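So basically every Cβ, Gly included, is an ideal-geometry build from the backbone, and we count neighbours across all protein chains shown. Nothing in this text is a laboratory measurement; each read-out follows from the coordinates by a stated rule.
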Ligand SMILES: Cc1ncc(COP(=O)(O)O)c(C/N=C(\CC#N)C(=O)O)c1O
Ligand SMILES: Cc1ncc(COP(=O)(O)O)c(C/N=C(\CC#N)C(=O)O)c1O
């Protein structure tokens with residue numbers, strides 16, 4: 001894996017911001033795209049754009065083969081058994097809402113529990129809030145240990161035989177924690193629950209195998225993994241999706257329409273209402289071809305190196321707190337003592353450096369961390385140690401600059 | 001309006017299919033894109049891709065300004081009063097589902113009526129089926145007159161003071177009928193109903209003015225109007241959207257998140273859960289700039305000419321039935337006596353000609369037409385009379401060829 005060859009594929013990296021070379025360290029908010037992906041979209045619109053599933057004219061057939069072909073690429077990529085288990089959606093958020101709407105709201109009664117964790121992104125919180133409220137069921141949180149990881153002991157404690165759903169994140173977008181999803185699926189099942197896995201932060205960065213994880217549902221977002229905006233996937237076990245009603249209704253997802261009553265398509269089309277995200281899914285396919293060609297394990301090793309290097313160089317700074325465990329995915333959330341993270345982010349941008357400041361859509365987590373906001377640098381396959389040097393050099397500068405003011 | 005200059009902007013038109021120049025007559029299924037749109041996407045991914053609404057780094061600000069800027073372009077384009085009334089969605093279908101979920105399901109009780117018409121696309125049928133079933137309300141259909149138009153008399157007949165919702169299409173994707181939306185909004189309101197307008201076929205092809213139409217909701221799809229796939233709009237009167245709960249929950253659409261209860265953003269963000277369709281909305285903005293620069297009235301005049309020419313040259317063929325009225329949008333649905341439309345479409349593709357065969361997602365309409373399927377040619381700003389000549393010449397050939405077989 002050659003990082004110079006990789007960065008050469010991402011036009012957006014080669015520019016300056018505020019007179020400094022761009023240092024993009026915000027891949028957890030969204031990733032940048034290689035030429036292979038952008039040229040996939042261009043070729044689609046330049047050459048074979050048409051609506052799909054009719055199969056009567058040439059361009060229509062090509063578009064359909066592209067779109068269905070990308071479904072197959074997603075299937076192999078996360079090791080699902082069947083294309084019937086791969087549903088294209090607008091994103092992780094919509095995917096998780098569909099499970100909340102079609103599965104939760106139809107399978108929860110007073111006394112039933114939904115179990116989540118304190119570290120969850122909103123997308124994996126609010127749908128469950130709404131679903132328990134709609135059904136008079138109960139929402140519970142698995143506690144976190146002090147380093148921001150989860151103990152299986154706490155899982156057995158929180159999951160009861162009244163738990164219908166466990167919903168947890170694969171990798172935290174804030175702490176960097178890789179959760180024990182597989183062991184959690186076992187505890188879920190032992191108690192008669194399904195597990196729903198929020199895979200938005202894991203999928204771009206490490207090999208996903210839904211056969212090995214035995215998750216019941218798994219959600220991911222194209223934009224975080226070198227792919228177009230506006231597209232995601234819901235994976236669900238075929239037996240569960242067969243029993244769920246659609247979340248949206250319309251053309252494409254029907255079989256017979258009468259005046260008052262309709263019947264549905266087979267999976268996966270049951271869950272894809274209206275003209276689908278044709279170019280986006282095809283570009284998501286291109287993104288998957290690109291990542292597989294580098295290798296998810298390679299990308300993962302690369303991130304292990306950047307994260308270990310970042311954690312070391314952060315510990316060389318006084319007045320800097322880092323949140324979460326030592327063993328982590330490729331990001332670091334932190335604060336400078338006595339500098340608001342908004343200001344850290346502003347000052348970093350003046351130096352070319354893109355990070356995120358705020359709640360990272362994890363308000364409960366911030367409360368648990370006893371902070372109101374943090375700053376975050378997040379990495380991907382195009383980042384380098386040199387860029388981590390610039391970040392830590394800029395944080396040192398920031399500390400001194402704000403010393404000068406007071 | 002110079003058609004040669006217009007066609008020069010659409011790379012996909014300049015190719016052959018089966019050894020013949022492509023003749024694309026399937027714009028009602030999806031439209032082709034000009035360079036201005038494709039290069040908008042390229043420039044977004046090449047240059048300023050980032051997540052939106054943070055506003056802490058340079059690319060993030062640019063992405064946000066692009067996305068919010070496109071909201072403004074959509075607002076001016078349909079003459080809404082406020083960006084708070086413009087919600088980006090995945091498409092017409094999703095837009096109509098949101099109204100069905102958030103407005104209908106919360107405002108219908110036994111004895112309440114939803115009124116639709118027999119000519120509606122599925123997207124404007126199934127959501128209402130589901131909503132009346134969920135609420136024990138009643139669904140009614142306005143009858144059609146023999147030419148496939150609607151009489152206001154029939155509207156007053158069907159809409160009662162128990163009608164809560166009237167949902168009708170602006171322009172039929174099958175008959176070509178332009179419905180009397182404005183007069184229908186008046187009848188709706190006189191009886192205490194809102195009206196929901198399915199604008200998927202109107203928006204690409206004619207000026208939209210929601211102030212003049214006084215519609216309560218209006219839905220449209222980017223892919224049909226020179227814009228990217230995967231994006232649409234829901235317009236709704238600000239006072240109605242203020243009172244509707246969100247259809248999806250997650251990051252971006254919240255204000256405060258506690259463990260069990262959350263509060264929402266102001267409009268329009270209330271209705272935009274998760275990372276939004278950033279590049280798609282920006283490209284939809286480019287599409288709108290492109291169409292406004294030609295002029296919707298010009299595009300409309302062009303289509304009037306193609307439709308009048310097509311209807312004339314179709315009446316020069318024996319054994320050809322055309323469905324719907326004389327005054328029409330830019331398409332023609334038809335059948336050859338004794339040739340299945342699937343076969344017509346297959347034979348047309350061998351000649352380079354792209355049309356659609358099937359139900360056109362209007363199964364109730366086909367039943368009313370007493371057919372099981374039809375063929376359809378649909379036009380846009382890049383089509384010509386010469387291409388209509390090829391179509392009618394090919395239909396003549398098809399008729400003779402199928403005579404030979406028998
Ligand atoms: C673990 C996890 N779960 C859900 C989401 C939301 O995904 P999306 O916005 O693509 O619908 C995300 C997206 N995270 C963002 C998106 C932004 N901005 C972040 O900055 O951390 C995530 O990381
Ligand atoms: C009047 C009307 N109402 C709803 C839809 C569905 O819009 P979408 O598939 O973009 O969600 C459409 C899309 N129509 C199609 C789409 C396809 N294929 C067609 O072939 O007529 C429409 O024309």
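Points worth noting:
- Each of A:303, B:39, A:146 has some number of other Cβ atoms within 10 Å of its Cβ, and from fewest to most they run A:146, B:39, A:303.
- Going from the residue with the fewest nearby Cβ atoms within 10 Å to the one with the most, A:90, A:305 rank A:305, A:90.
- Put simply, the stretch B:109-218 fits an ellipsoid with semi-axes of 21, 15, 14 Å; these come from the alpha carbon gyration tensor as the roots of five times its eigenvalues, largest first.
- Annotation: extensible slack from residue B:239 through residue B:406 equals 53.8 nm (criterion: 0.36 nm per residue apart, minus Cα-Cα distance).
- For the stretch A:245-395, the calculated P(r), taken from all Cα-Cα distances in 5 Å bins from zero up to the bin holding the longest distance, is 2, 8, 13, 14, 12, 10, 9, 9, 8, 7, 5, 3, 1, 0, 0 percent.
- Most mobile listed residue (A:319, A:232, A:285) in chain A, GNM with C-alpha springs under 10 Å: A:319
- Approximate spin-label separation residue B:72-residue B:15, in nm, with each point projected 7 Å along Cα-to-Cβ: 3.6 nm
- Mean separation of Cα contacts under 8 Å (6+ apart) over length of chain B, as relative contact order %: 22 percent
- Residue of B:263, B:93, B:372 that the Gaussian network model of chain B assigns the largest fluctuation, springs spanning Cα pairs under 10 Å: B:263
- Rh by Kirkwood over Cα pairs, then Stokes-Einstein D for the stretch A:203-243 at 1.002 mPa s and 20 °C, µm²/s: 189 µm²/s
- Across the alpha-carbon atoms of the stretch A:178-224, the computed radius of gyration and Dmax are 10.9, 35 angstrom.
- Our summary gives the stretch B:1-146 a relative contact order of 13 percent, counting only alpha carbon pairs under 8 angstrom and 6 or more residues apart.
- Virtual spin-label span in nm between residue B:297 and residue A:340, 7 Å along Cα→Cβ: 5.1 nm
- Residue by residue along B:125-133, Cβ atoms of other protein chains within 10 Å of the local Cβ number 5 on average.
- Built from the Cα atoms of the stretch B:200-334, the convex hull projects on average onto 11.1 nm², one quarter of its surface area.
- Alpha-carbon geometry of the stretch B:22-73: the Rg and the Dmax are 15.0, 48 Å, given in that order.
- The stretch A:137-211 - percent relative contact order, Cα under 8 Å, separation 6 or more: 30 percent
- Angle in degrees between helix A:296-314 and the longest Cα principal axis of chain A, rounded to the nearest 10: 30 degrees
- Stokes-Einstein D in µm²/s, Kirkwood radius over Cα pairs - the stretch A:1-135 at 4 °C with 1.567 mPa s viscosity: 68 µm²/s
- Pairwise label distance in nanometres, residue A:35 with residue A:182, each label 7 Å out on the Cα-Cβ vector: 3.9 nm
- Max mean-square fluctuation residue, GNM over chain B, Cα-Cα springs under 10 Å, options B:121, B:14, B:340: B:14
- Rounded to 5, the percent of DSSP beta bridges in chain B classed as antiparallel: 55 percent
- Neighbour counting of Cβ atoms within 10 Å sorts the residues A:3, B:282, fewest neighbours leading, into A:3, B:282.
- DSSP beta bridges in the stretch B:94-182 [antiparallel fraction, %, rounded to 5]: 10 percent
- For the protein assembly as shown, the C-alpha radius of gyration sits at 0.96 times the compact-globule guess of 2.2 N^0.38 Å, with N the residue count.
- Looking at the protein assembly as shown alone, DSSP beta bridges between its own residues are antiparallel in about 55 percent of cases.
- Entry for the stretch B:331-375 at q = 0.19 Å⁻¹: log10 I(q)/I(0) = -0.55, Debye formula applied to identical alpha-carbon scatterers, no solvent contribution.
- Across all Cα atoms of chain B, the radius of gyration (one decimal) and Dmax (whole number) stand at 22.1, 74 Å.
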